[PDB]
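Structural features, examined
The primary structure of each chain is shown beneath.
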Protein chains: 2
Amino acid sequence: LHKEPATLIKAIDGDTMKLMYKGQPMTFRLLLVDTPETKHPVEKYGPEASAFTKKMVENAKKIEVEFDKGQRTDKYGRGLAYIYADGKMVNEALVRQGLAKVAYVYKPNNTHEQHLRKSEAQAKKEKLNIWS
Amino acid sequence: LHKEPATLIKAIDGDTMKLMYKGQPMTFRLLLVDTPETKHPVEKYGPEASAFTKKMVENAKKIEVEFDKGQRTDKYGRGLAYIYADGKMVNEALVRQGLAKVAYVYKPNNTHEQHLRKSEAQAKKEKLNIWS
Ligand SMILES: Cc1cn([C@H]2C[C@H](OP(=O)(O)O)[C@@H](COP(=O)(O)O)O2)c(=O)[nH]c1=O
Ligand SMILES: Cc1cn([C@H]2C[C@H](OP(=O)(O)O)[C@@H](COP(=O)(O)O)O2)c(=O)[nH]c1=O
Ligand SMILES: [Ca+2]
Ligand SMILES: [Ca+2]
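Residues numbered from 1 in each chain as written, not as in the entry; some residues may be left out. Chains lettered and ligands numbered in written order. Heavy atoms only, no water.

- Method of determination, as given in the entry header: X-ray crystallography; reported resolution: 1.8000 Å.

- Naming follows the PDB entry, where chain A appears as Thermonuclease of Staphylococcus aureus.

Below, the structure is given as structure tokens:
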């Protein structure tokens, strides 16, 4: 796996954002996590998660995307990646805060599954947000 | 944020101590500050800060811990908190004396950041210890 540059266009919610990738606007969805819903007819913590992600990506010097080993886009045409803001994985950051659950683990896009799972466990142990 | 009871087990240095929290021994590290080093291969004021903290927590009737809004432990498994000795925040007391600098401000655990920064400013104006 390798990290590639991208440019933030717009934060959408906790786990979705619009990025400029290779000179094309693309919706990206975070691999291996689910932040709570705020669009589809609002879950508890859905708003917080969004704010968190929005802040984390807006404030970054650099945004990078890292595809996994399998599919790079979902059925909705969303890029599927691990996305890093100045080197800190957004996917992990959310989970570590109890603002996301590890979810949608579709092989073979599961390289960071164990890392994320352990962040989840700590968050759960610390009774943070979703786990509170 | 809410204050929770704990029991002193041992003062370690200026910004680290061992407490009994919910019936288990844990190392705790003070949020938002850094006292000078005395362990890792001895900075100026390190010994002074240790003594201050040790005195403040040993003489207390009650010790309380106050977690902030995010992570409750660091990578070393140390609890991250605002610690209060008879209602007095140890973190602030140190800063107020110029025995610690405000440091390691890692969002979102930054609730008392401003209060501490003001204490620091006064300690600096007064040319205390580290700022002397
Ligand atoms: C994270 C992820 C989501 N998805 C799909 C699964 C869900 O589709 P369905 O809605 O049709 O079940 C949806 C979850 O995304 P959201 O959490 O953005 O809704 O996106 C993937 O196909 N692969 C992925 O890796
Ligand atoms: C105060 C604090 C320290 N730490 C870490 C940062 C430093 O890690 P590194 O040692 O890996 O740089 C270390 C500083 O504490 P000390 O002053 O006890 O060294 O503890 C946190 O991760 N979060 C915190 O809130
Ligand atoms: Ca979601
Ligand atoms: Ca220190």
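**Focus: the interface of chain A and chain B**
- Contacts between the two partners involve six residues from chain A, matched on the other side by six residues from chain B.
- When the two sides are added together, the surface that chain A and chain B hide from each other amounts to roughly 520 Å², 42% of it contributed by carbon and sulfur.
- Applying the counting rule to chain A against chain B returns zero salt bridges.
- Residues belonging to the side of chain A that touches chain B are distributed by class as follows: one nonpolar, two polar and three charged. (Contact = heavy atoms within 4.5 Å. Buried area = accessible area lost by both parts, 1.4 Å probe. Salt bridge = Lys/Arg side-chain N within 4 Å of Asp/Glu carboxyl O. Nonpolar A, V, L, I, M, F, W, Y, C, P; charged D, E, K, R; others polar.)

**Remarks on the pattern of salt bridges**
- One pass over the structure, following the stated rule, counts 15 salt bridges over all chains.
- Here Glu58 of chain A and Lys54 of chain A are joined by a salt bridge, their closest N and O atoms 2.8 Å apart. Placement of both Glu58 of chain A and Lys54 of chain A in helix 1 (residues 46-58) is noted, with a separation of four residues, approximately one turn of the helix.
- With relative accessibility at 41%, the residue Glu58 of chain A sits in the partly exposed group.
- Classification of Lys54 of chain A as partly exposed rests on a relative accessible area of 39%.
- The partner of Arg29 of chain B in a salt bridge is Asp34 of chain B, and the shortest N-O contact between them spans 3.3 Å.
- Connected via shared salt-bridge partners are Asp15, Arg29 and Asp34 of chain A. (Helix = DSSP H or I, 4+ residues; strand = E, 2+ residues; numbered from the N terminus. Buried < 20%, exposed > 50% of the residue type's maximum accessible area, 1.4 Å probe, protein only.)

**Considerations on the side chain of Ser119 of chain B**
Residue and element names in this part refer to chain B.
- Note on placement: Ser119 falls in helix 3 (residues 113-125).
- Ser119 gets classed as buried once you look at its relative accessible area, which sits at 7%.
- With sequence-adjacent residues up to four places away left out, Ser119 is seen in contact with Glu92, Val95 and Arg96.

**Describing the coordination of the calcium ion (ligand 3)**
All names here are of chain A.
- Surrounding the calcium ion (ligand 3) are the protein donor atoms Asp15 (OD), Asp34 (OD) and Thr35 (O), which sit 2.1 to 2.6 Å from the metal.
- Donor residues for the calcium ion (ligand 3) sit on one chain with the sequence pattern D-x18-D-T. Of this pair, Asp15 sits in the loop between strand 1 (4-11) and strand 2 (16-21) while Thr35 sits in the loop between strand 4 (33-34) and helix 1, and the two are 20 residues apart along the sequence. (Donors = N, O, S within 2.8 Å, 3.2 Å for Na, K, Ca; no water.)

**Thoughts on helix 1 (residues 46-58) of chain B**
All names here are of chain B.
- For helix 1, spanning 13 residues, the distance from its first C-alpha to its last is 18 Å, which sits close to the expected 18 Å at 1.5 Å a residue.
- Among all positions of helix 1, only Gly46, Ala49, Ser50, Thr53, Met56 and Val57 are buried. Within helix 1, the buried residues cover an arc of 140 degrees as seen down the axis, which keeps them to one side.
- At its buried positions, helix 1 is contacted by strand 1 (4-11), strand 2 (16-21), strand 5 (63-66), strand 6 (79-85), strand 7 (88-89) and helix 2 (90-96). (Expected span 1.5 Å × (residues − 1). Arc of directions from axis to C-beta.)

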